[PDB]
């Protein structure tokens, strides 16, 4: 289904398909930062570094295609001002239990989130409004939020099946202002 | 005054100020080619070489400031498909009598033209519609027309006065399509 | 144009043309004090020293005639209670930068002022009401305000032209009371 | 040197719009053109006149006008830049001076505000 | 009444453009065929007249007059095949292009009135242009019908008339001598005045 973050639609004051992540049997999780992930891509990327003040919402779709003989579960969530403690390809979580920042993953469902169960569905949509303490900020020095994709239940299959599952992320800016 | 080329306004199917030419006592004349002159300049320049089909009109202003003790006259004219016989800085006429193409300058007043007499005025405006045998063409391989500025009467002054007169050309695209 | 000091016309509770100042290439500025400048002149001068209480407004015209080949600019301003730190002919400023009183000249435009640009105009008119903390004062012991004429841009010309420019001040008392 | 700077030296924060006025004090027979450009915060100084033309700018003609004004958009608390370039050369007849001067005047608009008064001064009483 | 200065009247007469020789023996055309690309500048005076404008649009009308070099009339048959632009041209007498049904032909005799055909406007664009800062009409192939060589020498003369003339954007007329075809090049070392001269400005 489609969830709207904090029950607010983006307002005023195309599709971009990134590369594919390969979910494995020993994967830990990945994260992306916004709007850093879209700063070197296309007209949005040019406007981000060719202006001074930036303000935009977003719409994120996460999909994965797997057979009926695979199993596993993923948690997709959005965390504003995601500072990390101890590009368009993201990073890998070193200690997924503490979310790499000293906070538990079991309480990550307090943020706008969705579940992907391979036996039930294969899609997740999140709509994020603009969150800041100021009406405008800098697109090259401040990261508004981060996106997390963590496998809570490990991927499993039988020998002879495809050992990697593709996870594709496609996103579209909404109500962008420069 | 303002003249409209062939009595047609540009139709559908900002200001750019170039560098300054220095009119001297031995000058012969200069010419510019369109839209070659505006192909490496700004958003118009990017669109010209980043598209396939181009179609636009133009509005050209030519000005010169001189004292009340200077004299001379210039002829400003627009000639479509100006092929030369034997950038943004233009070229210099080698044989201004034959217009560098084997045709007399005395009959250049058959084209959209204006006169600049230093004792009478200092401005000339020409509006050029789109002229072609096809609705669209290529902006990087075909030059639609050329602009000529030729001193019919030589510049003269007395010793101690400024020996060079500035001629500035400012142009604005009209009804541009890509 | 004509400006009215502080937006107040003189109220109740002939022309006098002084000598001519010669503006030079090395002039610094001059000032006059009121009503000291008109105390030895005519019926006004007799009434000033033959009474006890005085109260009057003023209207000041400053003019200068120069050729079209001269250049320069003057600032004319009125400063109430103009005390000087370290007649009808005025004094000369020793340190025009500090207005001879320790205050910057760049902020003199906070007072009722006018500009004289030799290429634009040649006249300046200021109307001064009566300013005091008491309804009446003494005309021989208290100077109400002072008038300043300072060249911000130096006078320049070519050799063979007239090297001195005449500045004439004419003033007329308004709503005078004795 | 402006009263606005001295008065805002008594506070801590400010924001609003400004305006700058230029006055030409040459002779009546001099002509020429100037380019006045404004660069927003975060940008560098343009390398040449052509680069400055592609942006916020105005062309000033000595013969037509004696004064020009330039409204500077919002400022707060890097800062914007103002640069003046030669468009043409300085044209003058015979018998007139070869040099002139420009006077710049600056002020604030009606949306300017100041906050958090300080005292902050270095002029000694005696 | 001012009807002699219209463009139709300005371009209104059939002029000689092109001439083809089919000698009995020699080296001009060793075989019995020739190829002539259609052009309007075969007439000597046509170029300076047409180049007064930039764009032109018209139809054409061709007439073929054939005879012996002395002017005699002999019993011979000819072909006069037309090759539209974008199509291959004959290479020999035995070429298979002479019988391709999409190239129209006009079989005629010498002892006949001259043949006459019409050609439409054949340009992809909306008009011909004599100047291009950056015009194929077809081809006429002439041969003698038969598998053997003819017994007579022949000459063929082609006349062209232009119909339904339209023009745009006048230009100054040519001033100096031409040097090439479809080239505004001029001799830069010898430039001549537009007209004659006189001794002094005060004398008639």
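Read from first to last, the chains carry the letters A, B, C, D and E; within each, the first residue is number 1.
The definition used in the following text is that a contact is a pair of C-beta atoms (placed from the backbone, for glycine too) under 8 Å apart; a residue touches a chain by one contact, two chains touch by 3 or more.
In terms of C-beta pairs in contact, the better-connected of the chain pairs A-D and C-D is C-D. One simple way to say how far apart two chains are is to compare their mean CA positions; for chain C and chain D this gives 30 Å. Centre-to-centre, using mean CA coordinates, chain B is 38 Å away from chain E.
Between the CA-based centres of chain B and chain C the separation comes to 54 Å, rounded to the whole angstrom.
The distance from the centre of chain B to the centre of chain D, each centre being the mean of the chain's C-alpha atoms, comes to 33 Å. Among all residues of chain B, none touch two or more other chains. Counting partner chains per residue, chain D shows two or more touched chains at residues 29, 95.
Two chains count as a pair here when they touch; such pairs are A-D, B-D, B-E, C-D.
Chain contact summary for the complex, chain C toward chain D: residues 68-73, 104, 106-107, 109-110, 115, 117-120, 152-154, 156-158, 160-161. On the chain D side of its complex with chain B, the touching residues are 29, 31-33, 35, 49-50, 53-54, 59, 61-63, 87-95.
Residues 6, 33, 79-86, 94-95, 97-99, 101-104, 106-108, 110-111, 131, 133-134, 141-144, 146 of chain B are the ones that touch chain E when the two sit in their complex.
Residues 54-55, 125-127, 129, 131-134, 169-176, 178, 183-188, 191, 194 of chain E are the ones touching chain B in the complex.
Taken in their complex, chain A has these residues touching chain D: 52.
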